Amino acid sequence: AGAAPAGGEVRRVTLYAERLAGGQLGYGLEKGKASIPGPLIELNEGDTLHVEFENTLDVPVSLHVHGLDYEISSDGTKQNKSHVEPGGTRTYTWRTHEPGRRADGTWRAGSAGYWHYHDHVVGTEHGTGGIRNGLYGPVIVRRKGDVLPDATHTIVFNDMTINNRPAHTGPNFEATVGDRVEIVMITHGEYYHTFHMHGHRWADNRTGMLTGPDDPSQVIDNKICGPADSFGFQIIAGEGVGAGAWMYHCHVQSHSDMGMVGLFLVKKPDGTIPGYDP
């Protein structure tokens, strides 16, 4: 299993806010390439990221990040004049640090974790309209030595939608039996939810996997989440269970009935899925 290296170099990215089909709004790495969720940003602890951001909408937009260090000027709020006028640009700077023993003997928590970014000014001064229309995306900050996945998939419970999609339209994610699959799970909007995965489980801790025999973290397959919660994990696809179309869904009963459901399609090495209809 490939691991993350130590971090600490300055990076840059260009990010644009654009209007998408049906009045949805999204972030993209290039003009014309916006998505919901936004592009996945991956940093190692210690790295810095200057985000060259341009607003192409007819309303102000901003960029607010969870978990990472940033000055008040990268708050992404109107109150710290951190928002971007229509047609305007701005460079947001995010930083990350490693953990270590402080001067006072206490242990400073590193930046590592599953985080996210989103608008803070569309609709209201807390980004309610921005978030609803799709201005959010994931951010992973890794620790030196963190196991790397074969693939990462972002699942956002945005009010009563998954990734702003129409009810009962997934998304579905494919893997092969044995694949190390990373899930980033973010919630937004007004409602609480409970994320459930069939056939798989993870540890309720930073990485989603137990550090070893001495980790007392609960092993779960179901987790309550509220607006702006983020967590993540890695699983071995089909480990001890085999290939199949493995449901994931919100477990709030009316939410699953109304379409907060998707499929984690785990294929056999020949690419087929036993007992499934494609």
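One-based numbering along the sequence shown.
Averaged over their C-alpha atoms, the temperature factors of 158-166 and 97-105 are higher for 97-105. Set 35-43 against 246-254 and average the Cα temperature factors; 35-43 ends up higher. Of all the options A175, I72, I131, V121, the entry's greatest CA B-factor is assigned to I72.
Highest CA B-factor among the listed residues (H116, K144, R201, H193): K144. Among the modelled residues of its chain, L49 has a C-alpha B-factor that falls in the highest third according to the deposited record. Remark: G127 belongs to the lowest third of its chain, ranked by C-alpha B-factor as recorded.
When the modelled residues of the chain are ordered by their C-alpha B factor, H188 lands in the lowest third. Compared with the other modelled residues of the chain, the Cα B-factor recorded for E30 ranks in the middle third. In the PDB entry, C225 places in the lowest third of its chain by CA B-factor.
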